[PDB]
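First comes one chain, alone, set out as structure tokens in the form deposited in one PDB entry.
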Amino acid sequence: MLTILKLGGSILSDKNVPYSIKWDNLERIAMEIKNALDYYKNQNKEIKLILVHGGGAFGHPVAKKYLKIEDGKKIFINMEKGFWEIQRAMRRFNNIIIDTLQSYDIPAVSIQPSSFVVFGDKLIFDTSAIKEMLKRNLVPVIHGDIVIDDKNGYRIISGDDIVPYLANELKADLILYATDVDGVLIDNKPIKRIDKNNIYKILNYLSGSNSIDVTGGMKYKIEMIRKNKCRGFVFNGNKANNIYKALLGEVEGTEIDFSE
């Protein structure tokens, strides 16, 4: 069984204080992932786990310096300094996360997309090594990064790109989205279930004016799950034991289900 847990800059990092790290929250999060790895070892169930995390206060601020709008558009400039500057900021934040996971004996290792992913209409993103890590029970930790594209330019690959890509590429069963809110909210209240008998109803409600999330972040997540025909949870990752629960298949936020 293959689970992908998306953390995200936010709960790990205050994006208004640059290079900032919410040590306490990060530390509890490693506690919980450890607790859950223990649980699965005790109950003899096979689990493969991949973690993904955003740039947080590390990548966005370094990157903003190298972005400009030209003719109403995003373009990266000065990347002879800027590719390394962003890589280096992300490396540091990957180190902090991985050393903390390691200090609870989670066998975390680093995947750095900047070194090998090419961003086009389809990703080039060879997952051979990852499969071999999972096959050895290592825990791959992949992060938002800067990458080149196949059009003379550059792109930020985010957790939002990374996860669907891997869900699909690796046939994941469970997608966990730890976020800053309690679920997909409909009336300031997480909806328990979303499946093939309400999704469109939910997707329209999300495009509307009574929707508490108008960035369309929820929508994209819901859609990737249906698109990969699996299961996923969107939950508040700031709440004690949600990560542990989620990893056991039972946190309480919004479940999204398109498996089978």
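Just so we're on the same page, rigid core means the largest C-alpha set that superposes within 1.5 Å between forms. One-based numbering along the sequence shown.
Missing here is the form deposited in another entry; even so, the following discussion is about that form.
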item: Of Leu51, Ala30, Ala57, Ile225, the one whose Cα moves 2 Å or more between this form and the one not shown after core superposition; value: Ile225
item: Rigid-core frame, C-alpha of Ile98, shift of 2 angstroms or more between this form and the one not shown; value: no
item: Threshold 2 Å Cα movement between this form and the one not shown for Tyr39, core superposed; value: no
item: Core-aligned C-alpha movement of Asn188 between this form and the one not shown reaching 2 Å; value: yes
item: Cα-Cα trend for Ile225 and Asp161, given that in the other form the distance shifts by 3 Å or more; value: closer
